[PDB]
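Colleague: Sharing a structure below in structure tokens format, with a few things to ask.
What follows is calculated from the coordinates using simple rules that are stated; it is not laboratory data. Reconstructed Cβ throughout: ideal geometry from the backbone, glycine too, with neighbour counts over all protein chains shown.
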């Protein structure tokens, strides 16, 4: 529509809804995402924060060659617990 | 003072750097950096 | 005027230990050296780290344009490795 | 070369990209730092030695 | 021998491989280190002895 | 309206900014070569040599700066954008990426 | 000093300030490492650190 507060995009501008600010250092944005999950998972526990959600966004060197050798074991076992 | 004055300079350049990576980056430049098709729809294009 | 000289050498045996001989050779229990000793050697020790990781950056540009496809397989030892670095 | 500045601003009008900041200011416009001090208490260690 | 440098860069154009770094710099271009200091407070221990 | 400035009122801008602000700009260079040695003037350094005396200095103003940059230099920061209200503003936080 | 028949003694207190300051850098060594900036097919291209 029209510019209402002189904002010609009305989706993402500096003043309203971005607010650039500093924060302490990390290596990538997945590791910063990892820190405020295990802090939050520690209060609840291992019931609702499982693997593939806390091992995947970790800071582990070789995990693509490890997340697929554990996903296969929960798939050749699910063929037992379905055909039985 | 003057150590929380230099932080105020440093985060006043990052503000001045989002104005330059907005008017020049078109739609296939956001996809190269963030690496997800369907990213420029969230920043006011398409 | 020799007791004026002993009190003027001992003013320079103490400054030479305070500007120079800080790098964890002064003898608290990991507080007068973990936040008080390693912050005076922060410049020019976090300046030499900046040189060292600026050569590793200059060394990935040389092991990219010269290593073809059967050279990544010899090092990492996995057939199917050069498909992840922009060839085949 | 001489032209209108190519870079815009948050209001839409063309502005400057140069940004800067000084430590302290004086009544008449001086821009001193931190080692403007520690000179009078440091010419009295070199000279009284 | 004399030729265009064989090594490339992150932009594609040929550049230099030599890389280096100095400790401190002066107003006129001096490259001193750490033991440029600890000489005036160290000729006053050898001489006052 | 008018035209663009043409080389006479452009040198007259550079020369007003050199005729003024030279009182501290010639003073800030004294502050520079005051923390890396050179704490003696050329008249005092000549007279010490006539007494055959060494010219000693105790550079105790590099210590006060080298540990004060090292506080800033350790606590570095990568940028970050905060969506002000989570009604379709966290989706527009690709900016911090 | 030799004309006064005096020994020429020195107290090398500037090797102490360097020998313990290299020894801090020399202990905290480092092997390199590459960090994929966003895990959408960029961790697979982290053969570079190997």
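Colleague: Is chain A best put as rounded, prolate or oblate by its Cα gyration tensor, with a ≥ b ≥ c the root eigenvalues, rounded for a/c under 1.5, and otherwise prolate when a/b is larger than b/c, oblate when not?
Modeller: Numbers: a/c = 2.92, a/b = 2.13, b/c = 1.37.
Prolate shape, in that a/c is at least 1.5 and a/b is the bigger ratio.
Colleague: Let me ask another. Based on the Cβ-Cβ distance of residue B:31 and residue E:49, what FRET efficiency does E = 1/(1 + (r/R0)^6) give at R0 = 56 Å, to the nearest 0.05?
Modeller: For residue B:31 and residue E:49, the calculated efficiency is 0.20.
Colleague: Take the Cα radius of gyration of the range C:1-62 and divide it by 2.2 N^0.38 Å, with N its residue count; two decimals is plenty.
Modeller: 1.82
Colleague: Along each of the three principal axes of the Cα atoms of chain G, give the extent in whole Å, ordering the values from largest to smallest.
Modeller: That works out to 79, 14, 13 Å along the principal axes.
Colleague: OK, next. Write down Rg/Rh for the protein assembly as shown, rounded to two decimals, with Rg from the C-alpha atoms and Rh from the Kirkwood relation over Cα pairs.
Modeller: 1.04
Colleague: What order do you get for F:62, F:26, E:47 when you list them from fewest to most C-beta neighbours inside 10 Å?
Modeller: F:26, E:47, F:62
Colleague: Hey, another quick one. Translational D (Stokes-Einstein, µm²/s) of chain D at 25 °C and 0.890 mPa s when Rh comes from the Kirkwood sum over C-alpha pairs?
Modeller: This corresponds to a translational diffusion coefficient of 161 µm²/s.
Colleague: Assuming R0 = 25 Å, what is the FRET efficiency of residue C:81 and residue A:80, from their Cβ-Cβ distance, to the nearest 0.05?
Modeller: E between residue C:81 and residue A:80, to the nearest 0.05, is 0.15.
Colleague: Is chain F rounded, prolate or oblate when judged by the Cα gyration tensor, a ≥ b ≥ c being the square roots of its eigenvalues, rounded requiring a/c under 1.5 and prolate requiring a/b larger than b/c?
Modeller: In terms of gyration-tensor shape, oblate.
Colleague: Continuing with this model, one more query. Note down the nm distance, to one decimal, between modelled labels 7 Å out along Cα→Cβ at residue E:6 and at residue A:31.
Modeller: The answer from the label model is 3.6 nm.
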